[PDB]
Amino acid sequence: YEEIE
Amino acid sequence: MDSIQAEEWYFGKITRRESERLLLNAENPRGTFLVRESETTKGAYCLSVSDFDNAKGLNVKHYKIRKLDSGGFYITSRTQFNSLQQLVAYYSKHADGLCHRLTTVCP
């Protein structure tokens, strides 16, 4: 998945 | 008459192949997303989105939706909401450092 950074 | 179990971005429990097949749909605009039910994680949710680029074509960014043990969700520790719709609205207004502002949904 993709982290919110 | 509608409900959280049938929103414009609610499909239910889908498979993984169909997931990337629904967002990778060449007939999809850059920014389309969808809220499916947790598939490879707890009983939480999963907000996926679509993106495009001049590198090869368009890919898909899966953004697992977190779930507060209290009763809510938050793909990030800096974004908590009490309704899957609320979280879909924030991302549908300010990327807030995301890959794109949610604008469309899965067809």
# chains A, B, ... in the order shown; residues from 1 in each chain; ligands from 1
>>> residues_around(residues="residue 1 (chain A)", least_positions_apart="6", cutoff="12 Å", atoms="only C-alpha atoms", output="ChimeraX atom specification")
/B:40-41,46-49,60-66,75
>>> residues_around(residues="region 3-5 of chain A", least_positions_apart="3", cutoff="9 Å", atoms="only C-alpha atoms", output="list in words")
residues 63, 64, 75, 76, 77, 78, 96, 97, 98 and 99 of chain B
>>> residues_around(residues="region 15-25 of chain B", least_positions_apart="5", cutoff="10 Å", atoms="only C-alpha atoms", output="compact mmCIF listing (two decimals) with C-alpha atoms, in the first residue's frame")
# COMPACT_ATOMS: atom_id res chain seq x y z
CA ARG B 30 -6.65 9.87 -13.52
CA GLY B 31 -8.07 10.40 -10.01
CA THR B 32 -10.77 7.69 -9.87
CA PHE B 33 -10.95 5.77 -6.57
CA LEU B 34 -13.14 3.19 -4.80
CA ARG B 36 -13.82 -1.82 -1.12
CA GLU B 39 -9.53 -8.15 1.80
CA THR B 40 -5.96 -8.80 2.99
CA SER B 48 -7.72 2.62 -3.75
CA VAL B 49 -7.11 5.37 -6.34
CA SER B 50 -5.85 5.67 -9.94
CA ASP B 51 -2.89 7.67 -11.28
CA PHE B 52 -1.28 8.34 -14.68
CA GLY B 57 0.76 4.46 -18.60
CA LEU B 58 -1.51 4.51 -15.53
CA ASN B 59 -0.96 2.55 -12.30
CA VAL B 60 -3.03 2.13 -9.11
CA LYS B 61 -2.16 3.31 -5.58
CA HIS B 62 -3.84 1.25 -2.84
CA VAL B 105 -15.10 6.73 -8.39
CA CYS B 106 -14.98 3.17 -9.78
CA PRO B 107 -17.58 2.59 -12.53
>>> atom_distance(atom1="CA of residue 12 (chain B)", atom2="CA of residue 70 (chain B)")
22.8 Å
>>> closest_residue(among="B:54, B:79, B:38, B:28", to="chain A", atoms="only C-alpha atoms")
B:79
>>> select_by_dssp(residues="region 19-70 of chain B", states="helix (DSSP H, G or I)", output="short mmCIF file (atom, residue, chain, number, x, y, z; two decimals) with N, CA and C atoms, in the first residue's frame")
data_model
loop_
_atom_site.label_atom_id
_atom_site.label_comp_id
_atom_site.auth_asym_id
_atom_site.auth_seq_id
_atom_site.Cartn_x
_atom_site.Cartn_y
_atom_site.Cartn_z
N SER B 19 -9.59 -5.82 -8.58
CA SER B 19 -9.26 -4.49 -8.01
C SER B 19 -8.38 -3.71 -8.99
N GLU B 20 -7.21 -4.21 -9.27
CA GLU B 20 -6.31 -3.50 -10.22
C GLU B 20 -6.93 -3.50 -11.62
N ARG B 21 -7.90 -4.35 -11.84
CA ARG B 21 -8.55 -4.40 -13.18
C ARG B 21 -9.63 -3.32 -13.26
N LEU B 22 -10.12 -2.87 -12.14
CA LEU B 22 -11.18 -1.83 -12.15
C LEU B 22 -10.53 -0.44 -12.20
N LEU B 23 -9.39 -0.29 -11.59
CA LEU B 23 -8.72 1.04 -11.60
C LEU B 23 -7.80 1.14 -12.82
#
>>> decode(residues="region 5-74 of chain B", atoms="C-alpha atoms", output="PDB file, in the first residue's frame")
ATOM      1  CA  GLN B   5     -23.476  -0.268   2.349  1.00  0.00           C
ATOM      2  CA  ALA B   6     -24.296   1.159  -1.101  1.00  0.00           C
ATOM      3  CA  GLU B   7     -22.597   4.545  -1.601  1.00  0.00           C
ATOM      4  CA  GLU B   8     -21.351   5.801  -4.989  1.00  0.00           C
ATOM      5  CA  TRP B   9     -17.980   4.362  -3.896  1.00  0.00           C
ATOM      6  CA  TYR B  10     -19.168   1.111  -2.273  1.00  0.00           C
ATOM      7  CA  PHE B  11     -18.824  -2.204  -4.142  1.00  0.00           C
ATOM      8  CA  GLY B  12     -18.380  -4.745  -1.322  1.00  0.00           C
ATOM      9  CA  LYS B  13     -15.799  -7.552  -1.091  1.00  0.00           C
ATOM     10  CA  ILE B  14     -14.062  -7.827  -4.483  1.00  0.00           C
ATOM     11  CA  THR B  15     -11.028  -9.894  -5.544  1.00  0.00           C
ATOM     12  CA  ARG B  16      -7.497  -8.492  -5.960  1.00  0.00           C
ATOM     13  CA  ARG B  17      -7.232  -9.121  -9.720  1.00  0.00           C
ATOM     14  CA  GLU B  18     -10.556  -7.307 -10.238  1.00  0.00           C
ATOM     15  CA  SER B  19      -9.259  -4.486  -8.007  1.00  0.00           C
ATOM     16  CA  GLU B  20      -6.306  -3.500 -10.221  1.00  0.00           C
ATOM     17  CA  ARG B  21      -8.552  -4.402 -13.180  1.00  0.00           C
ATOM     18  CA  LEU B  22     -11.178  -1.827 -12.147  1.00  0.00           C
ATOM     19  CA  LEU B  23      -8.717   1.041 -11.596  1.00  0.00           C
ATOM     20  CA  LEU B  24      -6.310   0.100 -14.417  1.00  0.00           C
ATOM     21  CA  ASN B  25      -9.319   0.205 -16.777  1.00  0.00           C
ATOM     22  CA  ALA B  26      -7.799   2.121 -19.710  1.00  0.00           C
ATOM     23  CA  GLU B  27     -11.250   3.759 -19.870  1.00  0.00           C
ATOM     24  CA  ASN B  28     -10.689   5.425 -16.470  1.00  0.00           C
ATOM     25  CA  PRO B  29      -9.619   9.027 -15.776  1.00  0.00           C
ATOM     26  CA  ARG B  30      -6.649   9.875 -13.522  1.00  0.00           C
ATOM     27  CA  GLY B  31      -8.069  10.397 -10.012  1.00  0.00           C
ATOM     28  CA  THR B  32     -10.771   7.690  -9.869  1.00  0.00           C
ATOM     29  CA  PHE B  33     -10.946   5.765  -6.571  1.00  0.00           C
ATOM     30  CA  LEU B  34     -13.141   3.189  -4.800  1.00  0.00           C
ATOM     31  CA  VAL B  35     -13.825   2.001  -1.231  1.00  0.00           C
ATOM     32  CA  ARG B  36     -13.821  -1.819  -1.124  1.00  0.00           C
ATOM     33  CA  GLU B  37     -14.076  -3.984   2.016  1.00  0.00           C
ATOM     34  CA  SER B  38     -10.913  -5.196   3.785  1.00  0.00           C
ATOM     35  CA  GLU B  39      -9.526  -8.151   1.799  1.00  0.00           C
ATOM     36  CA  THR B  40      -5.956  -8.803   2.995  1.00  0.00           C
ATOM     37  CA  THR B  41      -6.305  -7.001   6.348  1.00  0.00           C
ATOM     38  CA  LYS B  42      -8.581  -6.904   9.412  1.00  0.00           C
ATOM     39  CA  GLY B  43     -12.276  -6.132   8.902  1.00  0.00           C
ATOM     40  CA  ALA B  44     -11.330  -2.537   7.979  1.00  0.00           C
ATOM     41  CA  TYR B  45     -11.709  -0.892   4.548  1.00  0.00           C
ATOM     42  CA  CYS B  46      -9.426  -0.087   1.590  1.00  0.00           C
ATOM     43  CA  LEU B  47      -9.507   3.163  -0.421  1.00  0.00           C
ATOM     44  CA  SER B  48      -7.716   2.624  -3.754  1.00  0.00           C
ATOM     45  CA  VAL B  49      -7.111   5.371  -6.343  1.00  0.00           C
ATOM     46  CA  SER B  50      -5.852   5.666  -9.937  1.00  0.00           C
ATOM     47  CA  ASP B  51      -2.892   7.673 -11.283  1.00  0.00           C
ATOM     48  CA  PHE B  52      -1.276   8.342 -14.680  1.00  0.00           C
ATOM     49  CA  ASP B  53       2.247   9.241 -15.854  1.00  0.00           C
ATOM     50  CA  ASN B  54       4.370   9.576 -19.013  1.00  0.00           C
ATOM     51  CA  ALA B  55       6.578   6.681 -17.850  1.00  0.00           C
ATOM     52  CA  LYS B  56       4.483   3.735 -19.089  1.00  0.00           C
ATOM     53  CA  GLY B  57       0.762   4.458 -18.598  1.00  0.00           C
ATOM     54  CA  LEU B  58      -1.510   4.510 -15.532  1.00  0.00           C
ATOM     55  CA  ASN B  59      -0.964   2.552 -12.296  1.00  0.00           C
ATOM     56  CA  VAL B  60      -3.031   2.133  -9.108  1.00  0.00           C
ATOM     57  CA  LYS B  61      -2.157   3.307  -5.582  1.00  0.00           C
ATOM     58  CA  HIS B  62      -3.839   1.248  -2.838  1.00  0.00           C
ATOM     59  CA  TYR B  63      -4.416   3.267   0.355  1.00  0.00           C
ATOM     60  CA  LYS B  64      -5.509   0.848   3.100  1.00  0.00           C
ATOM     61  CA  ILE B  65      -8.039   2.679   5.302  1.00  0.00           C
ATOM     62  CA  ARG B  66      -7.058   2.403   8.982  1.00  0.00           C
ATOM     63  CA  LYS B  67      -9.679   1.802  11.686  1.00  0.00           C
ATOM     64  CA  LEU B  68      -9.591   3.363  15.174  1.00  0.00           C
ATOM     65  CA  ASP B  69     -10.290   0.717  17.843  1.00  0.00           C
ATOM     66  CA  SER B  70     -12.693   3.323  19.255  1.00  0.00           C
ATOM     67  CA  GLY B  71     -14.924   3.341  16.150  1.00  0.00           C
ATOM     68  CA  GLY B  72     -13.603   5.298  13.146  1.00  0.00           C
ATOM     69  CA  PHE B  73     -10.931   5.238  10.415  1.00  0.00           C
ATOM     70  CA  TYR B  74      -7.791   7.132   9.362  1.00  0.00           C
TER      71      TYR B  74
END
